[PDB]
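There are 2 protein chains.
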Amino acid sequence: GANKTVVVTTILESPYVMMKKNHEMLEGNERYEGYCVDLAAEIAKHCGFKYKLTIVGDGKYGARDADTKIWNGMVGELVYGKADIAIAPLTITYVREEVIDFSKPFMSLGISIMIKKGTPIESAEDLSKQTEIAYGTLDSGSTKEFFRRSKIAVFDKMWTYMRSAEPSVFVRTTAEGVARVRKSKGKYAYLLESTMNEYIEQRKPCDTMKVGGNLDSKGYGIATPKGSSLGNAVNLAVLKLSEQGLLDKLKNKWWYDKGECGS
Amino acid sequence: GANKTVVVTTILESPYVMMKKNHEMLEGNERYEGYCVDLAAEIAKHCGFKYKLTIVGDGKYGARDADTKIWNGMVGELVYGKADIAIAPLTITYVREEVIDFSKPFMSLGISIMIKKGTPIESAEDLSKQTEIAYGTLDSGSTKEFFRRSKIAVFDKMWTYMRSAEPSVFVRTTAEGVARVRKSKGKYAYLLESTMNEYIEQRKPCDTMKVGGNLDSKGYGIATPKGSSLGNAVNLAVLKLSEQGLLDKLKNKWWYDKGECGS
Ligand SMILES: C[C@@H]1CCCN(C(=O)c2ccc3nccnc3c2)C1
Ligand SMILES: C[C@H]1CCCN(C(=O)c2ccc3nccnc3c2)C1
Ligand SMILES: C[C@H]1CCCN(C(=O)c2ccc3nccnc3c2)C1
Ligand SMILES: C[C@H]1CCCN(C(=O)c2ccc3nccnc3c2)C1
Ligand SMILES: C[C@H]1CCCN(C(=O)c2ccc3nccnc3c2)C1
Ligand SMILES: N[C@@H](CCC(=O)O)C(=O)O
Ligand SMILES: N[C@@H](CCC(=O)O)C(=O)O
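Line order of the protein sequences matches chains A and A'. A prime marks a further copy of an entry chain. Residues 1 to 263, numbered by the entry's author numbering, are exactly what the first sequence covers, in order. Residues 1 to 263, numbered by the entry's author numbering, are exactly what the second sequence covers, in order.
Right under this line is the structure:
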């Protein structure tokens, strides 16, 4: 039938989606800026659709409750028909791939460690062998699931510690984890994706850093409900933008060009 | 109908597929070893199929002739029904995605520069601004297409030079490009994927090196003919092997564990 405005679910996560200067006085998509705001515009252009950006109601990426079997976050919004597409730093994972469709990836990342500068930690193994410095992950996302599921000895040991630590080491948003690192005088380290870690490293007050190699290697993809007719065109659009160098230009624009911690 | 042996197309490209010690006396899949031989076994196991490894007849990755519109290489073998799946360092590209199906990627790479140690080149821009050192790419693959298509000034300048250089700067196989670098006393640099570059850097006589950052960022995928029923299971298998850490273990096994240029 007739063309319809595509509902895009996304998440307020710097620098992917941020509230634009003077947003309270603005309406619709003009309220937002960031890597994924730019990426949504480019995809829409190449695919020939109009769209409305919406911020995911529960502020989550997406996990399936083992009791109720219900998905939350952006994944849930796709699964239950509340959005047509997710354009966000949404990690391609096995359990998600079973229930939604994903484009080829538009950005690579791995789990990484964020420390307050000077903290004597260089690796996951270092974290796992000490008790002076607490550490945790985001709730309802792929990093927490990575630890929950890992059979790798070091990561399994870390999960056994994290899942039972009191007070809780988990946070609801990336911003909360970053704030916890910054205020904890070296006594909290945060496990988060390299992309977000490297962004924060270039933001004032320039008091955090990424340490060690990444723990894994994966990608973010644009997601649609399983079988959605939008999927094929969106996937080709990602590959076209990749090949044109536009994704590289956007990463540079939002990570480094406006970095606040020097050249 | 009844289960049938899956024909796998692949390419003799170290360390993805190599001839095993004493192969002349061996038969079938036992003739071969390497990253993709191991990966094929793992995928077959998870997907529940028997398979026969075959080396692509024309020794090419795959390009579409602009005159005849016919695809060659592994892509052609899928497109014309000569193989059921390609398990190889086959780059996911837009023009390929239009004609075959790809899994999510199993390995990341970017175009990179290989030099003979001591060659005074640090970047693509360096290459583009000098005439002492020739440089080229592999035929019938994604690297040559990258330059042919690029609108980025430096890469367009490099293509204008390469496409008309005499004698030809292009090679038929990666091994030929590597040999050309090694024998040319610094006067030839080779543009090839970071994965192959980093492998060769750890092989005797340890006379080459990767210089500069990568020129782009992309992935290899497992390919099937468009619409093949095998695609869904194979894609989940890649994600499962990724998440289990098996792909990382295999990269380490074939690149670094048996590296010949020190620890
Ligand atoms: C199993 C794979 C290991 C390698 C990384 N990966 C990816 O899915 C991946 C690979 C390459 C990419 N290039 C550009 C943007 N996103 C990318 C994501 C997972
Ligand atoms: C073993 C470590 C426990 C945590 C504290 N340590 C640090 O190095 C450390 C690291 C960062 C800091 N930032 C502000 C104030 N104090 C700090 C102390 C030692
Ligand atoms: C060194 C570890 C060996 C295994 C048993 N351990 C723990 O349960 C343990 C206890 C408290 C911690 N607090 C912060 C970070 N990690 C911790 C690990 C300590
Ligand atoms: C400007 C360069 C042109 C090419 C030669 N140059 C080199 O540094 C160079 C680099 C590597 C070599 N390997 C063996 C023998 N000679 C070599 C000379 C200078
Ligand atoms: C410095 C370049 C400016 C533009 C015009 N140039 C060429 O066509 C040019 C000619 C010969 C070359 N031989 C090896 C490598 N690159 C070359 C580039 C030289
Ligand atoms: N990108 C992650 C969220 C961040 C994290 O888990 O560290 C996801 O899609 O679940
Ligand atoms: N991986 C490339 C071949 C190597 C190259 O072009 O450098 C392809 O799939 O075409």
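By construction, the Cβ of each residue, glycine as well, lies at the ideal position given by its N, Cα and C atoms.
| Check | Outcome |
| --- | --- |
| Short CB-CB distance (under 8 Å) between residue 92/A and chain A' | yes |
| Element boundaries [beta strand (DSSP E), containing residue 54/A'] | 51-55 |
| C-beta atoms of residue 203/A' and residue 260/A' nearer than 8 Å | yes |
| Minimum Cβ-Cβ distance from residue 248/A to chain A' less than 8 Å | yes |
| Proximal chain A residues relative to residue 152/A', where beta-carbon distance stays under 8 Å | 245 |
| Between the CA atoms of residue 144/A and residue 141/A' - distance to the nearest angstrom | 39 Å |
| Test item: CB-CB of residue 218/A' and residue 138/A' under 8 Å | no |
| Cβ-based burial, residue 168/A [other Cβ within 10 Å; buried from 16] | exposed |
| Cβ separation of residue 277/A and residue 220/A, assumed to be a contact under 8 Å, to the nearest whole Å | A question about residue 277/A goes unanswered here, because the residues of chain A that appear run from 1 up to 263. |
| Residue 133/A Cβ short of 7 Å to ligand 2 heavy atom set | yes |
| Residue 134/A' and residue 82/A' closer than 8 Å at C-beta | no |
| Beta-carbon proximity check, residue 136/A vs residue 191/A, cutoff 8 Å | yes |
| Identity of the residue in 156/A', 240/A', 130/A' and 85/A' nearest residue 51/A' by Cα | 85/A' |
| Three-state secondary structure (DSSP) of residue 219/A | strand |
| Any non-hydrogen atom of ligand 2 closer than 7 Å to residue 119/A Cβ | yes |
| Proximal chain A' residues relative to residue 105/A, where beta-carbon distance stays under 8 Å | 104, 105 and 219 |
| Collapsed DSSP secondary structure at residue 176/A in the structure displayed | helix |
| Closer than 8 Å at the beta carbon, the chain A residues around residue 97/A' | 104, 235, 236 and 239 |
| Contiguous beta strand (DSSP E) assignments of at least 3 residues, all confined to the stretch 180-214 of chain A' | 188-193 and 208-211 |
| Within-8 Å CB hit, residue 242/A' to chain A | yes |
| Residue 148/A beta carbon less than 8 Å from that of residue 159/A | yes |
| Check: residue 247/A' C-beta below 7 Å from any heavy atom of ligand 1 | yes |
| Nearest candidate by alpha-carbon position, reference residue 258/A', set 242/A', 215/A', 200/A' and 209/A' | 200/A' |
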